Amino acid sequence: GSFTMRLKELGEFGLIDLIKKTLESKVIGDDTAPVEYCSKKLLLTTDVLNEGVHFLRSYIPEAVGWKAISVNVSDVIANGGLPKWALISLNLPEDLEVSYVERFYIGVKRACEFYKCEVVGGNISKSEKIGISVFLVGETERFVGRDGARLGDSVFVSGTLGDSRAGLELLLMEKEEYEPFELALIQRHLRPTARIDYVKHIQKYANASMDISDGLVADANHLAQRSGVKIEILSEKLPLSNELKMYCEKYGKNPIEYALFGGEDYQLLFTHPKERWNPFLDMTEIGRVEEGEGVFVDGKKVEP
């Protein structure tokens, strides 16, 4: 060999840190990048779906299109904004079926119609495997990032956590037949829906907000860090779906571990005083913001 520092040694976030320093950037750090424009703040963000990593060519295309758009809107919603325009960059092999690309865009069209945004352009490049890069532009009257959490705030999450991971694992079992609750979980993993119904709430009362893409514990660490505060979470407060409970029962798994470390749930994690709570939304208080460092669960500390 020869020896020279490689990316695998720096870590995804150490690399981002370096990119930030080199660029001498100030906006880099949240789910979206807020820019000043016409008294409002436009929100720019991007996410990727790669074959062999986020999906397989065997997955139903329309669902992949839906997910592509959903995942980006999720970031925009999390920062208190509404999706407006999007571009889709595609890396495609010449052997892929035309109908695959067409069905994918039908799903894209469906999601855009649902979140009320629109794909206005994109790109095409030939490659080995399929690569999907989505760029989304949203807008808000008030940008809500990850460093505004206040001491005393309560910690909330939307819907249930852990579903996506169980669904993924079920997909991996490649079973010949799944029970209904299994199909529900699988569906939650394959076709997530961005919590666009929280936009007004987030844009109005949240001090800090972000979507949960990598898992509660891991994403809360990012939040606690930018806010320069501590966060106490209580296991028995974590919202668990019935299907998740049914899955853990059947496969001898612990529901709590899935709620804490399961990823790609695309729910929200935000903080504010308990009084701002809106019971019309399926939000659940799961912790609080104290002074200090790190993320704690039932008194014990844990990290990524």
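We call the rigid core the largest set of C-alpha positions that still match within 1.5 Å between the two forms. The first residue of the shown sequence is 1; numbering continues from there.
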After core superposition, the stretch with larger RMS C-alpha deviation in 4 other deposited structures of this protein, comparing 175-183 and 193-201, is 175-183
RMS over structures and residues, CA atoms, rigid core fit in 4 other deposited structures of this protein: 233-241 vs 271-279, larger is 271-279
Entry B factor averaged over C-alpha atoms, 168-176 against 187-195: higher for 168-176
Entry B factor averaged over C-alpha atoms, 121-129 against 225-233: higher for 225-233
Looking only at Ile106, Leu90, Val76, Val217, the Cα with the top B-factor belongs to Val217
Temperature factor at the Cα of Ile69, chain-ranked in thirds, falls in the lowest
Here the Cα B-factor of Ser241, set against its chain, lands in the third termed middle
In terms of its chain's C-alpha B-factors, the third that includes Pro34 is the middle
For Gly81, the third of its chain by CA B-factor is the lowest
Binned into thirds over the chain's modelled residues, the C-alpha B-factor of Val157 lands in the middle
